[PDB]
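Undergrad: Following this line is target12.tsv, made up of TSV, N, CA and C atoms:
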chain	number	residue	atom	x	y	z
A	10	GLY	N	0.80	-1.21	0.00
A	10	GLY	CA	0.00	0.00	0.00
A	10	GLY	C	0.84	1.27	0.00
A	11	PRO	N	0.85	2.02	1.12
A	11	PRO	CA	1.67	3.22	1.25
A	11	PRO	C	3.14	2.88	1.49
A	12	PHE	N	3.97	3.91	1.51
A	12	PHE	CA	5.41	3.72	1.69
A	12	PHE	C	5.93	4.56	2.83
A	13	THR	N	7.24	4.54	3.01
A	13	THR	CA	7.90	5.32	4.04
A	13	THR	C	8.93	6.25	3.42
A	14	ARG	N	9.46	7.16	4.22
A	14	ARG	CA	10.52	8.06	3.77
A	14	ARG	C	11.73	7.25	3.32
A	15	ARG	N	12.02	6.18	4.06
A	15	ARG	CA	13.12	5.29	3.72
A	15	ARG	C	12.84	4.55	2.42
A	16	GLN	N	11.67	3.91	2.34
A	16	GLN	CA	11.28	3.16	1.14
A	16	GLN	C	11.32	4.06	-0.09
A	17	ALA	N	10.72	5.24	0.03
A	17	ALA	CA	10.72	6.22	-1.06
A	17	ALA	C	12.13	6.43	-1.62
A	18	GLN	N	13.08	6.68	-0.72
A	18	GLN	CA	14.47	6.88	-1.09
A	18	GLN	C	15.00	5.71	-1.90
A	19	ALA	N	14.62	4.50	-1.51
A	19	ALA	CA	15.12	3.29	-2.16
A	19	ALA	C	14.54	3.13	-3.57
A	20	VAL	N	13.37	3.70	-3.80
A	20	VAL	CA	12.68	3.49	-5.06
A	20	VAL	C	13.15	4.56	-6.02
A	21	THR	N	13.69	5.60	-5.43
A	21	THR	CA	14.12	6.76	-6.17
A	21	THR	C	15.60	6.65	-6.43
A	22	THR	N	16.27	5.94	-5.54
A	22	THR	CA	17.63	5.51	-5.75
A	22	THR	C	17.66	4.56	-6.94
A	23	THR	N	16.63	3.73	-7.03
A	23	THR	CA	16.49	2.83	-8.16
A	23	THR	C	16.01	3.60	-9.40
A	24	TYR	N	14.87	4.28	-9.29
A	24	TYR	CA	14.34	5.01	-10.41
A	24	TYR	C	14.57	6.50	-10.20
A	25	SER	N	15.60	7.03	-10.84
A	25	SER	CA	15.96	8.43	-10.71
A	25	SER	C	14.93	9.33	-11.39
A	26	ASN	N	13.97	8.70	-12.05
A	26	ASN	CA	12.88	9.42	-12.67
A	26	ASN	C	11.82	9.75	-11.64
A	27	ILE	N	11.98	9.20	-10.43
A	27	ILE	CA	11.11	9.55	-9.32
A	27	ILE	C	11.71	10.74	-8.58
A	28	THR	N	10.91	11.47	-7.83
A	28	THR	CA	11.41	12.61	-7.08
A	28	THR	C	10.55	12.88	-5.85
A	29	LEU	N	11.20	13.13	-4.72
A	29	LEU	CA	10.49	13.41	-3.48
A	29	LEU	C	10.26	14.91	-3.35
A	30	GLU	N	9.01	15.33	-3.48
A	30	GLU	CA	8.67	16.74	-3.35
A	30	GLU	C	7.49	16.92	-2.41
A	31	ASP	N	7.12	18.17	-2.16
A	31	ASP	CA	6.02	18.51	-1.26
A	31	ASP	C	6.30	18.03	0.15
A	32	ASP	N	7.58	18.00	0.50
A	32	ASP	CA	8.03	17.48	1.79
A	32	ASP	C	7.64	18.40	2.93
A	33	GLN	N	6.90	17.84	3.88
A	33	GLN	CA	6.46	18.55	5.06
A	33	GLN	C	6.71	17.68	6.29
A	34	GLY	N	7.57	16.68	6.13
A	34	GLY	CA	7.85	15.75	7.20
A	34	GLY	C	7.36	14.35	6.88
A	35	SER	N	6.13	14.06	7.28
A	35	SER	CA	5.51	12.79	6.92
A	35	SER	C	4.55	13.03	5.76
A	36	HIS	N	4.23	14.30	5.53
A	36	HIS	CA	3.41	14.69	4.40
A	36	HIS	C	4.31	15.05	3.23
A	37	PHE	N	4.34	14.19	2.23
A	37	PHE	CA	5.14	14.41	1.04
A	37	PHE	C	4.65	13.48	-0.06
A	38	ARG	N	5.00	13.78	-1.30
A	38	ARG	CA	4.58	12.93	-2.40
A	38	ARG	C	5.70	12.73	-3.42
A	39	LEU	N	5.72	11.55	-4.01
A	39	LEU	CA	6.73	11.22	-5.00
A	39	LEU	C	6.22	11.55	-6.38
A	40	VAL	N	7.00	12.33	-7.09
A	40	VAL	CA	6.67	12.72	-8.44
A	40	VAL	C	7.37	11.80	-9.43
A	41	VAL	N	6.59	10.97	-10.09
A	41	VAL	CA	7.10	10.10	-11.13
A	41	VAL	C	7.24	10.87	-12.43
A	42	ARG	N	8.47	11.04	-12.87
A	42	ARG	CA	8.75	11.73	-14.12
A	42	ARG	C	9.16	10.73	-15.19
A	43	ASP	N	9.30	11.21	-16.41
A	43	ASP	CA	9.74	10.36	-17.52
A	43	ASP	C	11.25	10.49	-17.71
A	44	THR	N	11.74	9.97	-18.83
A	44	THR	CA	13.16	9.99	-19.15
A	44	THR	C	13.69	11.42	-19.24
A	45	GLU	N	12.81	12.35	-19.57
A	45	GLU	CA	13.19	13.75	-19.70
A	45	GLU	C	12.99	14.47	-18.38
A	46	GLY	N	12.06	13.99	-17.58
A	46	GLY	CA	11.77	14.62	-16.31
A	46	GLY	C	10.44	15.35	-16.31
A	47	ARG	N	9.56	14.99	-17.24
A	47	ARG	CA	8.23	15.56	-17.27
A	47	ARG	C	7.35	14.89	-16.23
A	48	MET	N	6.46	15.65	-15.62
A	48	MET	CA	5.55	15.12	-14.61
A	48	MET	C	4.57	14.13	-15.25
A	49	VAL	N	4.67	12.87	-14.87
A	49	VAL	CA	3.76	11.86	-15.39
A	49	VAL	C	2.70	11.51	-14.35
A	50	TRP	N	3.10	11.51	-13.09
A	50	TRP	CA	2.22	11.09	-12.00
A	50	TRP	C	2.85	11.37	-10.65
A	51	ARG	N	2.14	12.08	-9.79
A	51	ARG	CA	2.61	12.32	-8.44
A	51	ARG	C	1.61	11.76	-7.42
A	52	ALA	N	2.09	10.91	-6.53
A	52	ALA	CA	1.24	10.29	-5.53
A	52	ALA	C	1.79	10.52	-4.13
A	53	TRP	N	0.89	10.72	-3.18
A	53	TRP	CA	1.28	11.01	-1.81
A	53	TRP	C	1.85	9.79	-1.11
A	54	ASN	N	2.10	9.98	0.17
A	54	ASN	CA	2.72	8.96	1.00
A	54	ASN	C	1.68	8.26	1.87
A	55	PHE	N	0.79	9.06	2.44
A	55	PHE	CA	-0.20	8.56	3.39
A	55	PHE	C	-1.42	7.96	2.70
A	56	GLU	N	-1.33	7.78	1.39
A	56	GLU	CA	-2.42	7.19	0.63
A	56	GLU	C	-2.47	5.69	0.86
A	57	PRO	N	-3.67	5.17	1.16
A	57	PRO	CA	-3.89	3.76	1.52
A	57	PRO	C	-3.19	2.78	0.58
A	58	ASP	N	-3.16	3.11	-0.70
A	58	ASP	CA	-2.42	2.31	-1.67
A	58	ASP	C	-1.72	3.22	-2.67
A	59	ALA	N	-0.79	4.03	-2.18
A	59	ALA	CA	-0.01	4.91	-3.05
A	59	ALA	C	0.80	4.09	-4.05
A	60	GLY	N	1.32	2.97	-3.58
A	60	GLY	CA	2.13	2.10	-4.41
A	60	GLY	C	1.36	1.53	-5.58
A	61	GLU	N	0.04	1.46	-5.46
A	61	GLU	CA	-0.80	0.90	-6.50
A	61	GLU	C	-0.59	1.66	-7.82
A	62	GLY	N	-0.72	2.98	-7.75
A	62	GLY	CA	-0.54	3.80	-8.94
A	62	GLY	C	0.91	3.86	-9.37
A	63	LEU	N	1.80	3.95	-8.39
A	63	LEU	CA	3.23	4.01	-8.67
A	63	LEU	C	3.70	2.74	-9.37
A	64	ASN	N	3.28	1.59	-8.87
A	64	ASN	CA	3.68	0.30	-9.44
A	64	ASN	C	3.12	0.14	-10.85
A	65	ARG	N	1.97	0.75	-11.10
A	65	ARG	CA	1.38	0.72	-12.44
A	65	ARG	C	2.24	1.47	-13.43
A	66	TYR	N	2.90	2.53	-12.99
A	66	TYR	CA	3.88	3.19	-13.84
A	66	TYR	C	5.13	2.33	-13.97
A	67	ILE	N	5.60	1.84	-12.83
A	67	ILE	CA	6.81	1.03	-12.79
A	67	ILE	C	6.72	-0.17	-13.72
A	68	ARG	N	5.67	-0.99	-13.55
A	68	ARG	CA	5.43	-2.15	-14.42
A	68	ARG	C	6.64	-3.07	-14.47
A	69	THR	N	7.40	-3.04	-13.39
A	69	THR	CA	8.58	-3.89	-13.16
A	69	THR	C	9.65	-3.64	-14.22
A	70	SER	N	9.50	-2.52	-14.91
A	70	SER	CA	10.47	-2.08	-15.88
A	70	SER	C	11.13	-0.80	-15.39
A	71	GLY	N	10.33	0.25	-15.32
A	71	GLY	CA	10.80	1.53	-14.85
A	71	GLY	C	11.83	2.16	-15.78
A	72	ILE	N	12.29	3.34	-15.41
A	72	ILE	CA	13.27	4.06	-16.22
A	72	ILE	C	14.69	3.71	-15.78
A	73	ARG	N	14.78	2.75	-14.86
A	73	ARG	CA	16.06	2.27	-14.36
A	73	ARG	C	16.91	1.68	-15.49
A	74	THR	N	16.66	0.41	-15.79
A	74	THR	CA	17.38	-0.28	-16.83
A	74	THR	C	16.63	-0.12	-18.14
A	75	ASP	N	15.30	-0.08	-18.01
A	75	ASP	CA	14.38	0.08	-19.15
A	75	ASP	C	14.45	-1.09	-20.14
So, in terms of structure tokens, how does the structure I just supplied come out?

TA:
Amino acid sequence: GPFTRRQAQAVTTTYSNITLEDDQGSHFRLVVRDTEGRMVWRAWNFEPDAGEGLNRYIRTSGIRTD
């Protein structure tokens, strides 16, 4: 479902197309960008299943190795 500040870092360490913004402590959202860095999808942290939408972008491919 949702993630943590630590988890976020790990997913963004993996996918540099992700970005941690709107940081207010525990209130923040990850901005999924494309290869260029265009905003494709930004999802919060405290969302019951934030990972649901994020993983749909990821599709176990991501912009990592691609």

Undergrad: Within 9 Å of (3.3, 15.3, -1.9) (file coordinates; only C-alpha atoms), which protein or nucleic acid residues are there? I'd like them as a list in words.

TA: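 Every residue inside that radius is included here: residues 29, 30, 31, 32, 33, 36, 37, 38, 39, 40, 51, 52, 53 and 54 of chain A.
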
Undergrad: May I ask which of the residues A:61, A:15, A:24, A:42 is the closest one to residue A:73, counting only N, CA and C atoms?

TA: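 Among the listed residues, A:24 lies closest to residue A:73.
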
Undergrad: If you count all atoms listed in the file, which residues fall within 5 Å of residue A:60, apart from same-chain ones fewer than 4 positions away, as a list in words?

TA: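 Selected residues are residues 10, 11 and 64 of chain A.
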
Undergrad: Just give me the gap between atom N of residue A:34 and atom N of residue A:68 in Å, one decimal is fine.

TA: 26.5 Å

Undergrad: Report as JSON the centre and the edge lengths, in Å to one decimal, of the axis-aligned box holding every listed atom of stretch 30-33 of chain A, padded by 4 Å on each side.

TA:
{"center_x": 7.5, "center_y": 16.9, "center_z": 1.4, "size_x": 11.0, "size_y": 11.2, "size_z": 17.8}

Undergrad: So which one's closest to residue A:25, A:48, A:67, A:72, A:59? Using all atoms listed in the file, please.

TA: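 When distances to residue A:25 are compared using all atoms listed in the file, the smallest one comes from A:72.
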
Undergrad: Run DSSP on the backbone and give me the residues of chain A it puts in alpha helix (DSSP H), as an MDAnalysis selection string.

TA: chainID A and resid 14:23 59:67

Undergrad: Name the residues in contact with residue A:13 at a cut-off of 9 Å, using only C-alpha atoms, excluding same-chain residues fewer than 4 positions from it; report them as an MDAnalysis selection string.

TA: chainID A and resid 17:18 35 54:55

Undergrad: Mind pulling up the distance from atom N of residue A:28 to atom N of residue A:14?

TA: 12.9 Å

Undergrad: Using Å and a single decimal, report how far atom C of residue A:56 sits from atom CA of residue A:43.

TA: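 Taking atom CA of residue A:43 as the start and atom C of residue A:56 as the end point, the length is 22.6 Å.
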
Undergrad: Using DSSP secondary structure from the backbone, list all strand (DSSP E or B) positions within chain A, as an MDAnalysis selection string.

TA: chainID A and resid 27:30 38:42 48:53
